[PDB]
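Residue numbers (the entry's author numbering), protein chains in the order written: chain g, 2 to 314; chain F, 172 to 227. Yeah, the Cβ is synthetic: ideal placement off N, Cα and C, and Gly gets one too.
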Amino acid sequence: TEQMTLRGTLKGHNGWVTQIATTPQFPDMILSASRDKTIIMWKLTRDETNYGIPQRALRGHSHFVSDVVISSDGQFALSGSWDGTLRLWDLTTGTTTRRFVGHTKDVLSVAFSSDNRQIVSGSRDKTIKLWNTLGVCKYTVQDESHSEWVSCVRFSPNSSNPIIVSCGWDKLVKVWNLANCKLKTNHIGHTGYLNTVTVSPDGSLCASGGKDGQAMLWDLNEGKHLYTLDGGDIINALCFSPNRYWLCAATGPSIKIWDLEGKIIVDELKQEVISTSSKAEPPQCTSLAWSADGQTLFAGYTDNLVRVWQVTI
Amino acid sequence: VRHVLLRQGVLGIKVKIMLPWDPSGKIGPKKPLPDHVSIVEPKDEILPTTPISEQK
């Protein structure tokens, strides 16, 4: 069997790490966002003096930076922030290429396409929107849309499939088709509101979650409820793996890493105890992301740390 | 305020009247209530969800 060892821990933030994403061009870097209004681009080592040091911190937003994502090129970076605006970075020193003006209220989620000409956004404006990489609005989606805030959107592999995922707090997952902008389907099956959704790199799956408590799985190819697992009280982040077919589930006190072939828990990551009264011993895990190797994964927590783990065989 | 005369002395009138409009209508007056500023809260919160896919 395969199990997990606690690798190390990074330090650099004064606020809660909100999201992390990983450059596949360089596994040497890794990127993070946080609730102290900075995105930190790191310089990693595998050393014991540190596991990495912050190289720079890109600044400009007047509120927290919720989510962050890499470019296919890996020399650009894109952001969603609780100031209601987005910025399009030139990931070297700073120096914004473009800042995107739209959306009445916050930009919660953001993503950057394979084609590098389509950029989507989820907002509390209750709008999915499409964006030219000239920072102008290719289209805006506001009809047939959610009546509650749009929680997270995703780009799906465009192998021949023009589909993009959307999930809101209205207890629904809406799939939208590029350049027709219609509902492909509506999926129902979450008691709680949906936080997140993510698609497999292969492109056949949609791991969706919320405050349902159950982690339900949907099919990317036509929309079928594949199966369900009991686990993940509050689901904040999900991430498929490239080197295995796993799915890594972010609960507050713990991370539950699941093998799906067949359905079983591989391990549960627990942090070492700290004596508290009345009880404040768990810090919430909110994000997680695999490295390209798939040996190491990183996690974002609300204790202002990015905890590292590694798979051992 | 109005002064009114009479054959013996003067009488002082004062009138103070409080306007009724607040959220709906004119719209003119702003939201803050007299001396306890109050929140008005709509209601709805249910679910009916069970596994289904509605393919369109």
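If you measure from the beta carbon of residue i to each beta carbon in chain g, is any gap under 8 Å?
| i | result |
| --- | --- |
| F:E225 | yes |
| F:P213 | no |
| F:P222 | yes |
For chain F, find out if any of its Cβ atoms is closer than 8 Å to the Cβ of residue i; answer yes or no.
| i | result |
| --- | --- |
| g:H147 | no |
| g:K225 | yes |
| g:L179 | no |
Nearest to residue i by alpha carbon, out of the options?
| i | options | result |
| --- | --- | --- |
| g:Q285 | g:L227, g:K271, g:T303 | g:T303 |
| g:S242 | g:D107, g:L206, g:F101, g:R88 | g:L206 |
| g:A22 | g:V176, g:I54, g:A78, g:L59 | g:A78 |
| g:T229 | g:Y194, g:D213, g:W291 | g:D213 |
| g:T297 | g:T94, g:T2, g:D29 | g:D29 |
| g:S124 | g:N196, g:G13, g:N117 | g:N196 |
| g:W90 | g:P158, g:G75, g:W177, g:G103 | g:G75 |
| g:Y52 | g:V307, g:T313, g:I314, g:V312 | g:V307 |
| residue 1 of chain g | g:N181, g:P158, g:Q119 | The first residue shown for chain g is 2 and the last is 314, placing residue 1 of chain g beyond what the model contains. |
| residue 326 of chain g | g:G233, g:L218, g:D234, g:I235 | Residue 326 of chain g lies beyond the stretch modelled for chain g, which goes from 2 to 314, so this question has no answer here. |
Identify the contact partners of residue i in chain F, using a Cβ-Cβ distance below 7 Å as the criterion.
| i | result |
| --- | --- |
| g:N187 | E225 |
| residue 1 of chain g | Nothing can be reported for residue 1 of chain g: it is not among the residues displayed for chain g, which extend from 2 to 314. |
What whole-angstrom Cβ distance do residue i and residue j have, given they're in contact under 8 Å?
| i | j | result |
| --- | --- | --- |
| g:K257 | g:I266 | 6 Å |
| g:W17 | g:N305 | 7 Å |
| g:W259 | g:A250 | 6 Å |
| g:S33 | g:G301 | 7 Å |
| g:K271 | g:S255 | 6 Å |
| g:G193 | g:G211 | 5 Å |
| g:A238 | g:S288 | 5 Å |
| g:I189 | g:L179 | Going by Cβ atoms, the distance from g:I189 to g:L179 rounds to 23 Å, so no, they are not a contact pair. |
| g:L87 | g:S122 | 7 Å |
| g:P25 | g:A293 | 5 Å |
| g:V142 | g:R155 | At roughly 14 Å, the Cβ-Cβ gap does not stay under 8 Å, so g:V142 and g:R155 are not in contact. |
Which residues of chain F have a Cβ atom closer than 8 Å to the Cβ of residue i, listed in chain order?
| i | result |
| --- | --- |
| g:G190 | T220, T221, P222, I223 |
| g:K172 | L218, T220 |
Please determine whether the Cβ atom of residue i lies at a distance below 7 Å from any heavy atom of the ligand NAP.
| i | result |
| --- | --- |
| g:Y52 | No copy of the ligand NAP occurs in the structure displayed, which carries no ligand at all. |
Below 8 Å, can you find three or more Cβ-Cβ pairs linking the region 146-159 of chain g to the region 188-195 of chain F?
Contact between the region 146-159 of chain g and the region 188-195 of chain F is absent, because fewer than three Cβ pairs lie under 8 Å.
Would you say the region 99-114 of chain g touches the region 132-144 of chain g, given that touching needs at least three Cβ pairs under 8 Å?
Taking 8 Å as the limit for Cβ pairs, the verdict is that the region 132-144 of chain g does touch the region 99-114 of chain g.
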